[PDB]
S.K.: 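Can you read through this structure? Questions will come right after.
Letters A, B, ... are given to chains in the order of the sequence lines, protein chains preceding strands, and every chain is numbered from 1. Heavy atoms only: backbone and side chains are in, while hydrogens, waters and symmetry mates are out. Indexing begins at 1, ligand by ligand and atom by atom, following the structure's order.
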Amino acid sequence: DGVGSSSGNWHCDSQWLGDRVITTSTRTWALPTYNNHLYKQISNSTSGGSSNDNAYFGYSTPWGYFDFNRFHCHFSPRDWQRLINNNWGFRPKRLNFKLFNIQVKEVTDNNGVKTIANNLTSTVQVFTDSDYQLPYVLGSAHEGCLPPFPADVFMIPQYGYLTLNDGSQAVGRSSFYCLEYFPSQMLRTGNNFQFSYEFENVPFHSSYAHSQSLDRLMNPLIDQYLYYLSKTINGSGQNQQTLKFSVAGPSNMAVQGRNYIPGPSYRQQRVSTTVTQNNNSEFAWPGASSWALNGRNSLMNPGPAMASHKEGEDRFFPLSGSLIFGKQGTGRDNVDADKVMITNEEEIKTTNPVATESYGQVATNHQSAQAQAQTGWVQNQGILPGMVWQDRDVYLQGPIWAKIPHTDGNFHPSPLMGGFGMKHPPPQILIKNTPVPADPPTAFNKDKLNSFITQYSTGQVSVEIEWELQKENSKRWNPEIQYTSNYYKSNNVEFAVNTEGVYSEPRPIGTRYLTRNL
Amino acid sequence: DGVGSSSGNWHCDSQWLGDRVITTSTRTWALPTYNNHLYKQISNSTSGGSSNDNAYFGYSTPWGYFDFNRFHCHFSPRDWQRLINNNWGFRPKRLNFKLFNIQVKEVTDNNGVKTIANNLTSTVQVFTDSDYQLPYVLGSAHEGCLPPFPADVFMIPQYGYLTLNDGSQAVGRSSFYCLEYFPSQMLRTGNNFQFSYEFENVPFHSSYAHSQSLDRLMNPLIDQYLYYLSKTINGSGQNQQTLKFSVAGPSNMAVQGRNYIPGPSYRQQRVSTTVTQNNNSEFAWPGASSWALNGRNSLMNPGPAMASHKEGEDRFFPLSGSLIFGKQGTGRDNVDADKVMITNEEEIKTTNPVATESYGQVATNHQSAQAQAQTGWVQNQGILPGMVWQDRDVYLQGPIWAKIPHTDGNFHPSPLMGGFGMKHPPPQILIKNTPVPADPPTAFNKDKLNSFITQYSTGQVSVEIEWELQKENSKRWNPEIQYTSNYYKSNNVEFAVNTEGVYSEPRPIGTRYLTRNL
Amino acid sequence: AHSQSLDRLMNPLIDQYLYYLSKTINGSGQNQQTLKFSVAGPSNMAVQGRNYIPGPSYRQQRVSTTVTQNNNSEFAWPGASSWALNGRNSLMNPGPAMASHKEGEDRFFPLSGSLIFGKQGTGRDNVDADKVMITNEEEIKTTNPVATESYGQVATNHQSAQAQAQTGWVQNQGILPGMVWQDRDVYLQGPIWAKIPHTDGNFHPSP
Ligand SMILES: OC[C@H]1O[C@@H](O)[C@H](O)[C@@H](O)[C@H]1O
Ligand SMILES: OC[C@H]1O[C@@H](O)[C@H](O)[C@@H](O)[C@H]1O
Ligand SMILES: OC[C@H]1O[C@@H](O)[C@H](O)[C@@H](O)[C@H]1O
């Protein structure tokens, strides 16, 4: 429209209908010029990397992008409480995105003194990758999200991507992408941008914990009509061999026949937060579970979903097998345990093997009169028919969706870090300040212009997501576990601003409070 | 609309119809950035407070708000005179509010020299809390009103609020509010804002004084048919006991039967403006009437409405029991009596007990041949059926409405400081300059941006209130008391500007001049 | 429950335009008398003018569940709040709704002023505190006076050059205009309705 008109309004609320929740978030952003308007080849060579496991090849772009892919972008802590205490499930449905009130600014420096002024004719350009033709970086859990607290102003992160490498080198199959080779909308102050998106059908996240365990599903009062082998010897001494059979029943539940078995396992090393209980060695990398791809070792960072500890063992956690969030102000490198927050998957204990335990035991031989029966431990167990499992829980600090990789086959493509896997996730939204040349020379020169006006932009972003709810139908008589604030006096309010103005999230909050039968 | 068009006009007049008055006020405001765009936890610890009675916990916000809640915002002194001399009652009916001609400005400092320029693309954001979802601070009598004199330019006050505390700490029941989590309208120069409001039904304020007193309502010429106990002894000496009864009549009015009794009382300590008549001790706090809430003592600052002094005792005033206004230029702390203006409620003397007197006397025992009759003084008297009272008078300097607290029960929820109590008062109007980041760094950083362009806004506000009038029907023969200016020569005109340009209000003006029968 | 208290409803950042009497003497010594006035503001919140005051009070005796803190006497009936009807004394068993204790004082409870439920299998007569369940009204602390405290203080005299200012404690306070209160909370074990007695008049007939 024009210089003097606002191109959009602040809309931050949430709206609870019967089976639907509509979250709306507005934030203020700032976009720098990245890479001096250049595309740059980057690799572990350009960054000085060494180990082959860390080698990479790729490109950094002048562009930047929006990430709303964490839940605290869309939910206040109160809204999150309201979701998790009342609902068995939820999934995203629709998306609405807006860019408005764009302001492009010019920075001039004289001597040690900078002046900022509006550049009214400068433009910002924006496009969504709707055909998913770019490397999708939103499914890796990155910084640069919209801030959880609506009054914070955030920097837009720089877009970059990786392609195939051999060491620091690239192969011929490596692909380079110019983001200028897409059509994009150009925006002066007074222009706005919007688009809508439909989430594809995704199952409801399970926001409940089971009130039954998979090995306890029997009627405790009644025998089975099945028999098991109770006794193989008639007693001490030579040549005592029998087959004795007993009814499996209430008194021996471990031996009863069952129709369903716990889900798959890939075993994690167990680490105690009580520190003297740990070995006196460096096992962090060496003792870690990992998978290998093309000679590279990638740590298996989230487990396949697994229970983080056994009952009462809460001090234990799987080495890499859980999500670790930092507290507010926690540094980058080598921080103590009290400065991070270790998620635990304890609720899926009912259907899922413990991350730090063997799946079970198998027979390793044929017994005989000569040979005793031998068993061995199953350290990793793939899918078996009859397995049943829960996915990893999702967190207010955590990711929402991932892009399912485009491949011939996948199994149960729920993202291992948690959330909703999608073949066509919310598309990437790319934004860039268009370069404005400084004064060119008065004689022609064929070289590309390397001299530009120093410039940055700011504005507002609205994200509106419609969420579908699955209500609790339970007949449970006794009251349930719910997420609560604690009444006891404290210097600060949890999930509130500091005395210095710093918003913090004191604890990770999962979704699983309400219960269901198994 | 656009940069070059005015978005509204100055409208300041008042319009007197038959039973309606419409006041319109326009002022010029300036809005700073508050708190460097931050929410801040505040408490008596952050301010250094000590006593438990003064302890608090709360938040200061970057937002600011409009307060038109004093009468001098809407009434010129002449209009006020015209209201109070001609009318038995008035109440507010409708409200219309406008923000227009917004100007956002940028401040740059080089060395000891500041330059102010327009920022044409910057925006201001505004919303009303229509659902009363925020702590309501307009019902406490605060500075920051629209100025009584239309040519004065005023600063918008900063919005803050308190929640539950224990000492300086907060409890889990304490609530934090982000004002960004409301939808608000964004305004560039050329955008304007308006909304309308309907006052809910409120009784007319009583702008009259009674021409009768509650104990004089009888016919002075005629006896009662009731009898009272005149004499209990037949004379001096032993064993003189009788019951003698007399007709209550014109000669003894104190003893007549009456149908209605004066309203409730909570006794205030009496202070003389003649200073040698006061005790030589510090009684201000120690001798003060107070109420206790959760171990805190709050001074009972306005009385329940009560008469400020007896007849001819005008030098006396209740310790806290009246409203005290400062004169123009009166300082903050420890000022002499001549620099303030002490309101008196003298007109309600007819139906209301004197603030500094006991309500009356009650029997404390059973008399008998052994025991003399004993009485005691009633220092505080709650509501009794048959009580009748007037509310506190309202003032041109004083507040208009309060928000009735949201509770299971209340009694006669007329605000004790005076005015119109409402469950849904005029809503809070919140305004903020939207933060404009300075130049961000060219490498991504996840920290919220703490560097902003220094900025402030100005504009105009219109408030239009429709007032309903209640005319005088009186049959009184003799002329009445009216508010007047005094003809005698003076250096300045009252309610006019100074020789230095300073507007002042020389006296508090109540509403009660005309009379009614009781 | 209220997230604000009735005495904290102000804007903490802004002064009042009202004044209060801060100082009555100019100092030590004879014949020091002044009237000094100050703005009520963020630093002194206790003295600010307010539009609404806490609800009515009828004072209850305070009993500690820590037993050595109680007096060594039988006060159960003798120290109890009561009302009289036709020469009969009825213990005032539920208070008019009032806050059961001050902050952090949870060990205290009003003598009769709260509902006491028995646990399962609790006997009829003279049972220990661990066999009953003492309700507390702590949430109404924001608008309601504490059951075991005085409502406040009133002036009992006229001060003068001869007489110092005297105050006295208000043990019971009836309704005043401008009072605001919460009703007693309701419980899963508790009653639902009552019949309002059929009478000429009643006030706020919440059971
Ligand atoms: O290969 C050895 C290295 O492996 C890395 O993945 C690990 O983070 C390092 O600590 C180091 O042990
Ligand atoms: O508690 C003692 C104090 O109480 C305050 O409310 C009063 O304003 C002070 O003057 C001081 O007397
Ligand atoms: O009047 C004296 C009696 O009063 C009763 O109401 C009380 O329950 C008894 O314990 C006893 O003290």
Side-chain angles (χ1 to χ4, degrees), chain A residues 44 49-56 269 271 281-293 295-301 319-320 324 332-334, chain B residues 44 49-56 269 271 279 281-293 295-301 319-320 324 332-334, chain C residues 7-8 10 15-16 18-27 34-50 61 63 73-85 87-93 111-112 116 124-126 152-153 164-165 167:
Chain A
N44 59 332
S50 295
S51 66
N52 190 36
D53 288 344
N54 287 331
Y56 63 91
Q269 181 57 256
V271 181
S281 74
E282 177 65 20
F283 57 87
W285 179 254
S289 295
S290 62
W291 50 265
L293 188 68
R296 287 168 177 161
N297 290 331
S298 293
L299 177 287
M300 173 74 81
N301 188 334
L319 190 148
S320 63
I324 313 301
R332 182 186 181 83
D333 288 337
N334 289 331
Chain B
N44 59 332
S50 295
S51 66
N52 190 36
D53 288 344
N54 287 331
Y56 63 91
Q269 181 57 256
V271 181
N279 195 42
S281 74
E282 177 65 20
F283 57 87
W285 179 254
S289 295
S290 62
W291 50 265
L293 188 68
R296 287 168 177 161
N297 290 331
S298 293
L299 177 287
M300 173 74 81
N301 188 334
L319 190 148
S320 63
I324 313 301
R332 182 186 181 83
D333 288 337
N334 289 331
Chain C
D7 55 353
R8 292 295 179 266
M10 72 211 81
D15 290 340
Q16 287 185 328
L18 297 177
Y19 286 77
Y20 68 96
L21 179 66
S22 61
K23 190 183 294 178
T24 66
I25 41 166
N26 224 20
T34 54
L35 298 177
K36 302 300 183 181
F37 297 91
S38 294
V39 170
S43 64
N44 195 342
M45 289 179 179
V47 190
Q48 299 190 351
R50 292 177 178 85
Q61 181 57 256
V63 181
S73 74
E74 177 65 20
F75 57 87
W77 179 254
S81 295
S82 62
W83 50 265
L85 188 68
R88 287 168 177 161
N89 290 331
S90 293
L91 177 287
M92 173 74 81
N93 188 334
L111 190 148
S112 63
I116 313 301
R124 182 186 181 83
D125 288 337
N126 289 331
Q153 297 178 338
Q164 291 179 334
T167 53

S.K.: Under 3.5 Å between any N/O of A:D53 and any N/O of ligand 1: does that happen in this structure?
M.R.: no
S.K.: Could you give me the CA-CA distance, side-chain angles and deciding distance for B:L299 and C:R50, then say whether side chain to side chain contact (heavy atoms under 4.5 Å, CB included) is met?
M.R.: CA-CA 9 Å; B:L299 177 287; C:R50 292 177 178 85; 5.9 Å; no
S.K.: What distance do B:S290 atom OG and B:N301 atom CG have between them, rounded to the nearest 0.5 Å?
M.R.: 11.5 Å
S.K.: Would you confirm whether C:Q48, through its side chain, and C:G41, through its main-chain N or O, come within 3.5 Å as a donor-acceptor pair?
M.R.: yes
S.K.: Could you find the nearest protein heavy atom to atom 10 (O) of ligand 3 and give me its residue, atom name and distance?
M.R.: C:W77 CB, 3.9 Å
S.K.: What are the atoms of ligand 2, with element, lying closer than 4.0 Å to any heavy atom of C:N44?
M.R.: 8 (O)
S.K.: Go through the steps to decide whether B:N54 and B:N44 satisfy the test side chain to side chain contact (heavy atoms under 4.5 Å, CB included), and finish with yes or no.
M.R.: CA-CA 7 Å; B:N54 287 331; B:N44 59 332; 6.0 Å; no
